[PDB]
Amino acid sequence: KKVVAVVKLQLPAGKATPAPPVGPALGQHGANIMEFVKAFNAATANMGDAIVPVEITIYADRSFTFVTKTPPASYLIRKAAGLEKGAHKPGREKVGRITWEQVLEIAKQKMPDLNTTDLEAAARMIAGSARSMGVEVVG
Amino acid sequence: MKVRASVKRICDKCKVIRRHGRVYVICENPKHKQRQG
Amino acid sequence: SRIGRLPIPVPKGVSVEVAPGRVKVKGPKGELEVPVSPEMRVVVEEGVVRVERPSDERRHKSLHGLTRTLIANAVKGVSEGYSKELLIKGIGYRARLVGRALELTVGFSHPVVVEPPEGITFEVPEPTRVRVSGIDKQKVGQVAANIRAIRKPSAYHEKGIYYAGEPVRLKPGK
Amino acid sequence: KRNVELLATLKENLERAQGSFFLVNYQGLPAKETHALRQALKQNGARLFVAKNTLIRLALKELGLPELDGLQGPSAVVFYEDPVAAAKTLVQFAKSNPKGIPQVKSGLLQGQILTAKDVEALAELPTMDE
Amino acid sequence: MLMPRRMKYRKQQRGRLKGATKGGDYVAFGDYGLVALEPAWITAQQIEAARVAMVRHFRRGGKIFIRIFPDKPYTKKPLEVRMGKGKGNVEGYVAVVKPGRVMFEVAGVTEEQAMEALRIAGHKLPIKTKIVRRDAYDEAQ
Amino acid sequence: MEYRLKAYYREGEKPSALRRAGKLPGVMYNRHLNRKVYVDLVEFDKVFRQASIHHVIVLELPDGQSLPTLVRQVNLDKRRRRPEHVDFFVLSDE
Amino acid sequence: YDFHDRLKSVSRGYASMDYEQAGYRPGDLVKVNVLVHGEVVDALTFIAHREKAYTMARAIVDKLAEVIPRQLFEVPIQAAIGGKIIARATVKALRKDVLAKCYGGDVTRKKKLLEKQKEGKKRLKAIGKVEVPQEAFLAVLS
RNA sequence: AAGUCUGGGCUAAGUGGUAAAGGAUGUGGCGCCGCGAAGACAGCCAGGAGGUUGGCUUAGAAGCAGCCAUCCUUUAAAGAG
Ligand SMILES: [Mg+2]
Ligand SMILES: [Mg+2]
Ligand SMILES: [Mg+2]
Ligand SMILES: [Mg+2]
Ligand SMILES: [Mg+2]
Ligand SMILES: [Mg+2]
Ligand SMILES: [Mg+2]
Ligand SMILES: [Mg+2]
Ligand SMILES: [Mg+2]
Ligand SMILES: [Mg+2]
Ligand SMILES: [Mg+2]
Ligand SMILES: [Mg+2]
Ligand SMILES: [Mg+2]
Ligand SMILES: [Mg+2]
Ligand SMILES: [Mg+2]
Ligand SMILES: [Zn+2]
């Protein structure tokens with residue numbers, strides 16, 4: 001019997017077990033804890049892994065309800081050319097490298113999130129996550 | 001109160017005023033209250 | 001920009017009388033006397049009062065807005081009057097009238113009574129709310145502040161005397 | 001003086017492409033309720049024309065320097081001008097005037113509208129799609 | 001801190017401090033400069049403290065031009081010693097600065113960085129100073 | 001392209017008197033000409049800070065004449081760091 | 001010490017606690033040695049976590065400074081994580097005002113007495129075995 | 001002893017009538033520049049949102065400990081603050 005809190009947070013598609021913040025915020029709750037695990041780590045597993053939050057609503061008789069999306073543009077770029085950091089010292093650091101259309105696929109998945117249904121404004125989008133880890137756009 | 005020869009803004013909410021000849025700082029943070037002296 | 005050169009709308013009823021060194025501002029709720037710098041010019045006309053400055057150097061611009069605002073404050077005073085409101089917090093603090101004389105029990109070993117000056121008037125509706133209300137704006141402010149000073153708000157607990165509207169801003173203890 | 005005549009031409013160009021460009025007061029909504037009217041007037045017409053949102057000072061110079069009747073319905077107050085003839089609207093004003101008259105107290109009220117070339121009216125533009 | 005690597009003479013007479021500076025009066029290598037408003041023997045320790053202060057301010061980026069050099073040796077008798085028995089020992093070096101002289105210049109640095117580094121650096125010197133920005137007048141010199 | 005500037009002939013006037021009245025003493029010259037001259041400082045400083053010594057300044061004389069010039073030399077008051085004197089070099093067709 | 005008190009105070013009293021032993025475990029721990037005047041005081045050897053030990057050593061070194069018997073020579077107080085000192089304090093240096101009757105004016109006569117004293121402090125510094133009083137141990141170990 | 005002389009101006013500190021770095025919308029006077037019928041400046045009234053917790057670091061670091069990068073549609077606008 002907990003109130004009707006509007007559950008905006010920030011969680012990850014995969015990293016999913018009742019260690020904080022799974023507990024503090026979802027204290028005002030009563031839901032099946034290992035469901036953001038279960039359904040979310042499975043049905044949106046085609047892309048890979050990584051971070052996507054989750055929007056639940058609690059109702060007093062212990063009711064859950066949640067929807068989610070896509071691992072972060074900084075993951076969909078870690079499979080790209082083999083990164084698991086950035087390049088520490090970019091702005092000149094050209095570790096991994098991608099083509100103007102090997103960075104046209106990556107918005108096939110995060111397309112429904114911005115406002116750009118144009119994969120040009122959604123290309124330079126995910127290709128902006130490039131620079132803040134240093135992977136280039138060739139010629 | 002901070003009584004000094006050089007009184008100045010410490011944070012941007014600080015405000016600099018003149019009071020009885022001496023230069024003053026007043027602010028919503030009492031630590032920043034200064035009069036010249 | 002510029003307050004002083006704004007003309008003072010003077011309603012029918014209140015009236016402004018220019019004398020040496022001050023202007024008399026009389027109205028529905030009483031009388032107020034406004035000291036005015038001798039080298040300023042107060043012009044009283046058909047339903048409007050205006051103040052004009054001799055020079056537009058800096059001491060004159062400063063006396064300019066001062067005068068016009070002080071007169072407008074007196075127009076509003078003898079017209080609507082002024083009040084401030086005081087909030088009492090704390091698990092035992094109370095106010096009551098016997099006078100009209102404010103009697104405060106705010107945690108001392110004695111209760112402290114405040115005698116109001118001429119005008120002013122005290123109203124204690126609720127026992128945790130006090131009202132200062134006269135036609136003199138600066139001495140409603142003054143006596144309002146006098147009352148709060150008896151027991152300023154606590155840095156650590158919502159305790160003491162508060163301006164209505166005054167934010168409670170606590171800092172942590174242990 | 002200076003770099004928003006690059007916006008007088010912008011509100012002269014995308015106004016020289018119409019005849020039924022209406023005006024609303026797009027302000028009081030958040031940013032969730034912002035992309036609401038933004039994508040639902042890009043989905044009740046063509047292209048991507050909900051409102052252009054430009055200065056009532058310069059929107060009055062455009063409707064004045066291109067003759068366009070001078071849509072003197074109400075240029076004061078926040079004014080975003082729903083370019084209804086830069087999309088394909090008609091009864092798409094209802095797509096707006098009801099979706100605004102639902103979420104929040106008086107969502108996206110209107111004030112001026114040019115019917116093809118002649119001036120529409122105030123409440124005679126909310127009923128012009130009812 | 002700076003001192004000459006070798007000297008023809010160890011001790012030299014005090015001299016006068018008259019006139020505007022003879023040269024070094026225009027920004028010559030950087031974008032901004034700090035110029036002296038009063039004459040003084042600026043000591044090496046002072047120069048070093050001004051340099052470091054601006055360095056610290058440019059922790060990543062920047063060029064610092066030090067355009068005054070302490071070549072004048074500074075003499076002091078030992079303490080508690082009567083007058084006479086010869087000229088004191090060299091205990092340091094100073095640079096003679098007359099008004100108008102450009103003492104430090106910074107480049108490769110935003111305007112705000114430049115006028116803040118020079119402002120601190122002034123606070124380290126015994127003289128009033130003025131911060132200046134490379135002019136057409138420097139270019140003409 | 002090139003910049004304008006009003007210049008005026010001076011004679012016996014104290015350079016310092018001129019200078020006291022906001023006017024910068026100068027000399028215009030080339031292989032054919034030498035004239036003592038004075039321009040307004042604030043006027044001049046406006047033009048020089050962009051013309052410098054690379055762009056033709058054209059001097060507007062009170063006899064109507066309009067000479068193309070290059071600033072060949074500016075002498076700085078070391079103490080005040082303001083211009084004291086200006087050489088205007090008159091150009092021709094060689 | 002410390003915890004229960006702070007459990008109670010940050011929680012206006014409503015926090016409870018219970019525990020049971022639950023074994024042993026590896027810790028990143030350092031041995032901190034305390035030497036006074038170069039000699040290691042075993043009585044004050046302790047052991048802490050490298051995140052904290054400096055702040056621990058930065059503390060004892062200074063409390064020991066305030067209670068050690070001021071000598072005829074300046075006494076160093078130090079803490080070392082094995083062969084490397086990390087925190088230093090110094091006791092005075094009780095001295096004689098050797099210049100007390102020196103209203104001559106001649107600096108050579110002050111130097112003569114000052115040299116001799118400087119030489120003697122060296123000598124008393126080198127062979128000077130300071131012992132920590134049992135009153136100091138109690139003062140540091142409260 | 002001799003003008004409370006005349007005309008204009010500055011100063012408000014008893015400065016005058018005992019001093020410096022520095023502080024500073026004291027106040028008078030000359031100039032210049034940026035921005036202001038794309039209405040500026042100050043107040044209030046909207047909004048100030050997305051990729052994205054940017055990458056690393058780290059117990060945690062999500063604009064906002066330290067780090068290097070500082071890049072996009074939505075956009076009237078909205079910094080990897
Ligand atoms: Mg300071
Ligand atoms: Mg304030
Ligand atoms: Mg010296
Ligand atoms: Mg000397
Ligand atoms: Mg001598
Ligand atoms: Mg000497
Ligand atoms: Mg200095
Ligand atoms: Mg100038
Ligand atoms: Mg004696
Ligand atoms: Mg007499
Ligand atoms: Mg007289
Ligand atoms: Mg007069
Ligand atoms: Mg005096
Ligand atoms: Mg005095
Ligand atoms: Mg001043
Ligand atoms: Zn402050």
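Because only heavy atoms are used, hydrogens play no part in the values below, and waters and symmetry mates are left out as well, while side chains stay in. Order of the sequence lines sets the chain letters (A, B, ...), proteins ahead of strands, with each chain counted from 1.
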Hey, does the side chain of A:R124 come within less than 4.0 Å of H:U73's phosphate (OP1/OP2), counting only N and O?
yes
Are H:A59 and H:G60 stacked bases, their six-membered ring centres under 5.5 Å apart and their planes under 30 degrees apart?
yes
When rounded to the nearest Å, what value does the distance between P atoms of H:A13 and H:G39 take?
44 Å
Please work out whether the ring planes of B:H20 and B:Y24 are parallel, tilted or perpendicular, with thresholds of 30° and 60°.
perpendicular
Between H:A62 and A:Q10, is there an OP1 or OP2 to side-chain N/O distance shorter than 4.0 Å?
no
Can you work out whether E:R59 or B:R9 has the more 5'-proximal nearest nucleotide on RNA chain H?
B:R9
For H:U4, does the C1'-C2'-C3'-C4' torsion put the sugar north or south?
south
With a 3.5 Å limit on both atom pairs, tell me what H:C67 is paired to, counting Watson-Crick and G-U wobble, or say none.
H:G55
Partner of A:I98 by side chain to side chain contact (heavy atoms under 4.5 Å, CB included), out of A:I126, A:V138, A:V103
A:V103
Have a look at the sugar of H:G31 and report north or south, taking a positive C1'-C2'-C3'-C4' as north and a negative one as south.
north
Could you tell me whether A:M133 contacts a base, only the sugar-phosphate backbone, or nothing, with contacts defined as non-hydrogen atoms closer than 4.0 Å?
nothing
Selection from H:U53, H:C32, H:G26 that lies nearest to any side-chain heavy atom of F:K46
H:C32
Going by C1'-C2'-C3'-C4', which side is H:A20 on: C3'-endo/north or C2'-endo/south?
north
Distance check, P atoms only: H:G81 and H:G51, in whole angstrom units.
15 Å
5'-most contact on RNA chain H: A:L11 or B:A5, nearest heavy atom basis?
B:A5
Going by distance alone, is a donor N or O of one side chain under 3.5 Å from an acceptor N or O of the other, for C:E39 and C:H60?
yes
Any luck finding a side-chain donor-acceptor pair between G:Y54 and G:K52 under 3.5 Å?
no
So, do H:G26 and H:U27 stack if we ask for centres under 5.5 Å and planes under 30°?
yes
Kindly check the sign of the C1'-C2'-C3'-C4' torsion at H:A62 and name the resulting pucker, north or south.
south
Pseudorotation half of H:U15 (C1'-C2'-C3'-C4': positive north, negative south)
north
Distance, P atom - from H:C64 to H:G54, rounded to whole angstrom:
7 Å
Please work out if the bases of strand neighbours H:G47 and H:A46 stack, meaning their six-membered ring centres are under 5.5 Å apart and their ring planes differ by under 30°?
yes
Do H:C71 and H:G51 pair up in this structure? I mean Watson-Crick (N1 to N3 plus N6-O4 or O6-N4) or G-U wobble, both distances under 3.5 Å.
yes
Here, do the bases of H:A65 and H:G66 lie with ring centres under 5.5 Å and ring planes under 30 degrees of each other?
yes
Going only by the six-membered rings, do H:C72 and H:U73 fall inside 5.5 Å on centre distance and below 30 degrees on plane angle?
no
Quick check on H:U52: is either OP1 or OP2 less than 4.0 Å from any side-chain nitrogen or oxygen of A:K110?
yes
Which heavy-atom pair separates A:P12 from A:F40 by the least distance, and what is that distance?
C-CE2, 4.3 Å
What is the distance, rounded to the nearest whole Å, between atom CD1 of A:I126 and atom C1' of H:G54?
13 Å
Between E:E111 and E:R133, what is the shortest heavy-atom contact and its length?
OE1-NH2, 3.1 Å
Between H:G31 and H:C44, how far apart are the two P atoms, rounded to whole Å?
38 Å
Short side-chain N/O contact from A:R131 to OP1 or OP2 of H:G55, under 4.0 Å:
no
B:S6 side chain: which of H:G22, H:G51, H:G26 is closest?
H:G22
